[PDB]
Structure formats: structure tokens, C-alpha cells
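Take a look at this one chain, the form deposited in one PDB entry, written out in C-alpha cells.
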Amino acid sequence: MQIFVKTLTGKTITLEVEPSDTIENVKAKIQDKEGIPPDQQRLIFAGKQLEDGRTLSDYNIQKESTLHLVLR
């Protein structure tokens, strides 16, 4: 599955993932793309705060879903 992650500045990162990939996996992939440390990353999908050890399928993240990096 392909997803999009938008940074704080609105920059789009395209990621290739699987349903079973954890949010922690996703965060390391962001770090590789942008240099943003996993411990600085807060991810939201469909207004839900995403926990490191849950999976994309656990949040109903699907093909062509968009996640946001946020402050809080």
C-alpha cells in the first residue's frame, strides 16, 4: 500500500507500506526521508492520534491514505 505523510510545512512524503506495518515502522521511514527524529514525530490519521506499536490496518489506513505530522 502507498500512503502519504505530510510534514508540518505541508511537504508530502510518499511511502510504500504493508497493512501490518507498525506506526513505529512508518516513523523510521519518515526519518529516512526527512531527517525528522521518531521521538519528534506525532502522527494523525482521520483525527486519530496513532500509537507506535499499532498497525496501519488497526487504524483502517488504506491505499492512498494521508497522515499528518502534528504539534501537541
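Heads up, when I say rigid core I mean the largest set of C-alphas that superpose within 1.5 Å between the two forms. Numbering starts at 1 and follows the sequence shown.
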{"item": "Greater root mean square CA deviation, 2-10 compared with 62-70 in 6 other deposited structures of this protein, core aligned", "value": "2-10"}
{"item": "Mean C-alpha B-factor comparison - 52-60 and 18-26, higher one", "value": "52-60"}
{"item": "Chain third (lowest, middle, highest) by recorded CA B-factor, residue given as residue 69", "value": "middle"}
